[PDB]
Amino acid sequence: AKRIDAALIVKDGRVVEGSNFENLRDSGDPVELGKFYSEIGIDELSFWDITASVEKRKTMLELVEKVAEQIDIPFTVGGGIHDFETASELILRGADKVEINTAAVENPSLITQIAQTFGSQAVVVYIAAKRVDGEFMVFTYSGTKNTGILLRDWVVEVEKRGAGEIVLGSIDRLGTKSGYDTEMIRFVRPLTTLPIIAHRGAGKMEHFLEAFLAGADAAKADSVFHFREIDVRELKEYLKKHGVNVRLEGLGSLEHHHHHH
């Protein structure tokens, strides 16, 4: 059952670089945009906060509270979640799950803490990996620091520690539009039973097919959606046409059988 997720980069309650959806009242509003995606075919949402100010904690708490009120699809919260306290806060305020990265690499017991308390399904681990001298290596601090940890070991450990899902983002595909890193997805696939979520590289609908053929369970994208390079309904219909098990329930939820001229 392949999943299509939309990720929103958010800063001080705003979608960073907004979106091209004219129909919205405010195309930089995270909650409105997010509700929109939920009503046109997105399976799950991610909100990633990069608010650098002192206000970050409450800013993120306020985001998930608004989002849980307005939206009925599963969503993930992430950004700079660094301990159990803030992770607990965010889940309790409404987050179906939290997306952790650097804090997990620094302290893998953190995966286990959250999972033991809120269930493993509330724990998503984002893995930023990059080819370094012929090996997949794990990077932290916004894909800047090489931890010296191999991808193949970090994957095994993350499942061991009790994560529900792994988001697998290729630094080697950052900024690009030539496709998901299907090599990296095929590498990781035999190493875990967890849901693998692909990120970075997506540029056209066929990229999503390739990702799923590689064995991804879900595929995340952001600007390709926000900027409408790919229409979500079009994407879902394309996948289904070529035999991919995708959910169509969410399609056309905003449309009606009347005609408003």
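Numbers follow the displayed sequence, beginning with 1.
198-206 versus 58-66 - which carries the larger mean C-alpha B factor in the record: Result: 58-66.
Per the entry, higher mean C-alpha B factor between 179-187 and 89-97: For C-alpha atoms only, the mean B-factor is higher in 89-97.
Which of 71, 167, 129, 81 ranks first by CA B-factor in the deposited coordinates: Highest C-alpha B-factor among the listed options: 71.
Residue 53 CA temperature factor, ranked by third within the chain: Highest third.
Record-listed C-alpha B factor of residue 260: chain third: Middle third by C-alpha B-factor.
Modelled-residue ranking by C-alpha temperature factor, third containing residue 174: Within its chain, residue 174 is a highest-third residue by C-alpha B-factor, going by the deposited values.
Residue 12, C-alpha B-factor rank within chain (lowest, middle or highest third): Top third by C-alpha B-factor.
Among modelled residues of the same chain, the CA temperature factor third for residue 27: Highest third, going by the recorded CA B-factors of the chain.
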